[PDB]
There are 4 protein chains.
Amino acid sequence: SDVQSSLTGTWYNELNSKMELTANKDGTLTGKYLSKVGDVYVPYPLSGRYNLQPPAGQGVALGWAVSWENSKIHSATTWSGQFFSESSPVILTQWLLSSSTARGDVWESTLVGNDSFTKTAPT
Amino acid sequence: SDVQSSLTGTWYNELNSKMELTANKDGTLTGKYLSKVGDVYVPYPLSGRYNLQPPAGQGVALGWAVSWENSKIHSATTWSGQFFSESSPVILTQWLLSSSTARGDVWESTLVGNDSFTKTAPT
Amino acid sequence: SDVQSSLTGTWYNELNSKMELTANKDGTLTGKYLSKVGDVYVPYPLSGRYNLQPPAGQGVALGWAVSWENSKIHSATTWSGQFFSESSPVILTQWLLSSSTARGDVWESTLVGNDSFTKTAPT
Amino acid sequence: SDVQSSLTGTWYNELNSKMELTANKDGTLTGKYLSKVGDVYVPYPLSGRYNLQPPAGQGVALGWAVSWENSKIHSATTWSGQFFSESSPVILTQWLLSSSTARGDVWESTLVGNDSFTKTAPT
Ligand SMILES: O=C(O)CCCC[C@@H]1SC[C@@H]2NC(=O)N[C@@H]21
Ligand SMILES: O=C(O)CCCC[C@@H]1SC[C@@H]2NC(=O)N[C@@H]21
Ligand SMILES: O=C(O)CCCC[C@@H]1SC[C@@H]2NC(=O)N[C@@H]21
Ligand SMILES: O=C(O)CCCC[C@@H]1SC[C@@H]2NC(=O)N[C@@H]21
Ligand SMILES: [Mg+2]
Ligand SMILES: [Mg+2]
Ligand SMILES: [Mg+2]
Ligand SMILES: [Mg+2]
Ligand SMILES: [Mg+2]
Ligand SMILES: [Mg+2]
């Protein structure tokens, strides 16, 4: 099956955040992201891109972006990583969360972390 | 002016890569990215998101993704950072470049770097 | 706190790498690191620094460096993160692995990842 | 190579931070780091490691760590990158700044950035 058949759907990370992901035939990603951490309370939309043609036995490289804006927050996260559809499906990512700052404070504006997404919510 | 008025257009980074960026009213980013490094030879499409409503005197947080696939490459980069439209416009970013690997080799699959984009190509 | 009483010792990460860590009273880290991945085959020494006085209910921030040199490898990794002693001890880190390159190739010189260290080797 | 003959000394980054670096024959780095940003006001000691034998035309990979502790700060930074001595000397780095947090807040504990060090203070 094509990548979208395995990639489109709901994914959950270790923080119990929920991503409703759609992988389109043109290689784009769309959908909604609900973070269980940070001062956000509803899903925010995502946009990204993903590999259509992974070499056999290798991951689908992919990445996506979310802009977060509410009364208190003006930031954007990107996730970059690989989706593996075989055996135990997973999206293994690292992410960069850049927050709006004064130009002089750019040095302290970007958080880095890692998220692992699976098809079942963590207990 | 709204963010798109200042953000849409051609941007160049320190590597002399050229990004043709369009900032849409719905907060999405689209366009094309031509890297001057790596074994890629034509532009690749991008998708991302950006802040619509930056607090006064602060950056527009934003991020975008490119999937790179050709005969030799299966990878994806995301950039995360801030766009400043005042005085000397700049997009200051950090990026994560994830390459397709076997699942056991995920540890060595993600490069990290930084790109600074301006409105004029470097000499 | 007496951080060294909990921090000094052998630690194992998810890749089954083994770190023999000593935390000194002056806030320095020394020891040996044996990676189970990459083209390295013997332990390499480490040097780092760690917080001596963690706030109650919070992690000990710490970081260390390893220089790797053999016939084919010239690189260095740093790990940055937090050590939690109070329950299920762990060192949660992100790391940066910089490899020797030509100056023009710096953009592709740094890998990023994450390692979780515990007191028992993974099965 | 005799790396220490070029590496030991005072270095300045883009933020006008000043690092007094000593590179020892055993491959260790020691010295003092004075940051011009963040709520720190005195130098803090560093510990690290560096490549002793760079391949011709390539950088010396290196990394170091600083633990920062004062009345309000408990954090640690590591820098990872490359030192180039042969022309216009520079240390090109990326860094990870981990701050003490509750275990549940680890996701927001690590900043990432980049520092370029040269032998002359920025204007
Ligand atoms: O606090 C913000 O600026 C907005 C919410 C950010 C939540 C981040 S995104 C990376 C990490 N993974 C998640 O599922 N949530 C956090
Ligand atoms: O080599 C690849 O896997 C595809 C090309 C990657 C080029 C990267 S993306 C980050 C950095 N910034 C650029 O303008 N080019 C490189
Ligand atoms: O390949 C090299 O350049 C030297 C070995 C690097 C091994 C890395 S360090 C980060 C990660 N964690 C480990 O325990 N091993 C790898
Ligand atoms: O705020 C802290 O937690 C301690 C000071 C951190 C200063 C950082 S380290 C990375 C960057 N480079 C510098 O020269 N200063 C900042
Ligand atoms: Mg909200
Ligand atoms: Mg091509
Ligand atoms: Mg070896
Ligand atoms: Mg895990
Ligand atoms: Mg101080
Ligand atoms: Mg610069």
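We use all heavy atoms of the structure for the numbers below, so side chains are in, but hydrogens, waters and symmetry mates are not. Numbered from 1 within each chain, the chains take letters A, B, ... in sequence-line order.
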## Note on the structure
Scored by heavy-atom pairs under 4.5 Å with chain B, the best of A/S100, A/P55, A/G63 is A/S100

### Residue, of A/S80, A/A102, A/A65, that accumulates the most heavy atom pairs under 4.5 Å with chain B
A/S80

### Message
Under a 3.5 Å distance rule, please check whether B/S47 uses its side chain to pair with a backbone N or O of A/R49 as donor and acceptor.
### Response
no

### Query
Can you check whether B/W64 and B/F117 have ring centres sitting under 6.0 Å from each other?
yes

### Task
Tell me, yes or no, whether the heavy-atom count around B/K36 atom NZ, taken from other residues, nucleotides or ligands under 6.0 Å, exceeds 12.
no

### Task
Side chain from CB out, backbone as N, CA, C, O: work out which of these in A/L62 comes under 4.5 Å of a heavy atom of chain B, or both, or neither.
backbone

#### Entry: Side chain / backbone / both / neither for B/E69 at chain A, heavy atoms under 4.5 Å
side chain

#### Entry: Proximal component of B/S99, with respect to chain A [non-hydrogen, under 4.5 Å]
backbone

### Message
Heavy-atom pairs under 4.5 Å with chain A: which of B/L96, B/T78, B/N51 has the most?
### Response
B/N51

### Query
Is the ring centre of A/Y33 less than 6.0 Å from the ring centre of A/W11?
no

## Note on the structure
Scored by heavy-atom pairs under 4.5 Å with chain A, the best of B/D105, B/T77, B/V106 is B/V106

## Note on the structure
Per side-chain contact (heavy atoms from CB on, under 4.5 Å), B/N13 is matched among B/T118, B/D115, B/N114 by B/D115

### Task
Begin with the C-alpha distance, continue with both residues' side-chain angles, and end with the deciding distance and a verdict on side chain to side chain donor-acceptor pair (under 3.5 Å) for A/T101 and A/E108.
CA-CA 9 Å; A/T101 66; A/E108 57 182 340; over 6 Å; no

### Query
Pick from A/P54, A/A56, A/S109, A/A61: which one has the most heavy-atom pairs with chain B under 4.5 Å?
A/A61

### Task
Show your working on side-chain contact (heavy atoms from CB on, under 4.5 Å) between A/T30 and A/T22 and close with a plain yes or no.
CA-CA 5 Å; A/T30 58; A/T22 158; 2.8 Å; yes

### Message
Please rank B/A76, B/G57, B/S67 by heavy-atom pairs under 4.5 Å with chain A and give me the top one.
### Response
B/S67

